[PDB]
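First, one chain by itself: the form deposited in one PDB entry, in structure tokens.
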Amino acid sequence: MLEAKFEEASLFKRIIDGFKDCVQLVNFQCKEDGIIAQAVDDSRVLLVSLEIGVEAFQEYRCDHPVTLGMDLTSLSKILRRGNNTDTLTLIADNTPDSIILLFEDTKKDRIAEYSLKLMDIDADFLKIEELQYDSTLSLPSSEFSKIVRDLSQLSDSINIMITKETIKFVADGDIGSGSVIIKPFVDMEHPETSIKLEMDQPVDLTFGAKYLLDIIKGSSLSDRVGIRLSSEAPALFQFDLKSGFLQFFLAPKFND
């Protein structure tokens, strides 16, 4: 068997709301020591990679590595319920027909069991995180979100530029221009709101607004987002889970 018991179905919900809109299928790969899943954009521009470690469950037992390939549309129909507080248990059996999702009452008098028919997806995980990034930058996830949302009103393209202590996001559309400029600093009143920056070489990449919007769906998984930028590789945006992470590797445009 396999028994992933999340304390809060909520968490698993939110994690799927990352992938939810970006992509369309997903191979979960449950190992003896947690789950990994990886979805890729249609146009192959965005990669969503997820790890949940054993610590994130209240119980977790996985005897043999199963791959569960799911339809995201389907899975979010089963999710996203009024019961975001029931103990969701993912349940599956060796050589898996379908994955079972099991939601239980506090008082154990409402047990909504679901059986999601599975999808044979050929497993081809990509390892694309780099050793060294040109610049790495972290800031509250919501700030990133208002930024992305606020600049994406202009064009379909958003330009991040990093220089000595200046993070600068720029958009240019037919309406007119827009630039949001953040500076690194530290704050006591909330530590989880300051802005760290490491600039190993300045950066100037352009990303598509569409995708950046998708990528900020994850601001609800973590108070903070880690952004690693490179000219030689796809940018990595990371939100940290209590025992794992949601990663978006976004590929810059060339000249669109």
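In this text, residue numbers run from 1 along the sequence as written.
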**Complete:** Going by the entry, of stretches 187 to 195 and 52 to 60 the one with greater average Cα B-factor is 187 to 195
**Item:** Which of 153 to 161 and 100 to 108 has higher mean CA B factor, as the PDB entry lists it
**Value:** 100 to 108
**Message:** In terms of recorded Cα temperature factor, pick the maximum from 90, 137, 126, 123.
**Reply:** 123
**Request:** Consider only the C-alpha atoms of the modelled residues in this chain, order them by B-factor as the entry records it, and name the third containing residue 119: lowest, middle or highest.
**Result:** highest
**Item:** Third of the chain, ranked by Cα B-factor, where residue 22 sits
**Value:** highest
**Item:** residue 85 by Cα B-factor - lowest, middle or highest third of the modelled chain
**Value:** highest
**CA B-factor placement of residue 132, once the chain's modelled residues are sorted into thirds** = lowest
**Prompt:** Going by what the PDB entry lists, where does residue 231 fall on CA B-factor within its chain: lowest, middle or highest third?
**Reply:** middle
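Same protein, other form: the form solved in complex with a partner chain, not shown, and the subject of what follows.
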**Message:** Whether residue 45 contacts the partner chain in the bound PDB entry should be assessed with a 4.5 Å heavy atom distance threshold; does it?
**Reply:** yes
**Asked** Is there any non-hydrogen atom of residue 234 lying within 4.5 Å of the partner chain in the bound PDB entry?
**Response** yes
**Request:** Evaluate residue 40 for contact with the partner chain in the bound PDB entry, applying a 4.5 angstroms cut-off between non-hydrogen atoms, and reply yes or no.
**Result:** yes
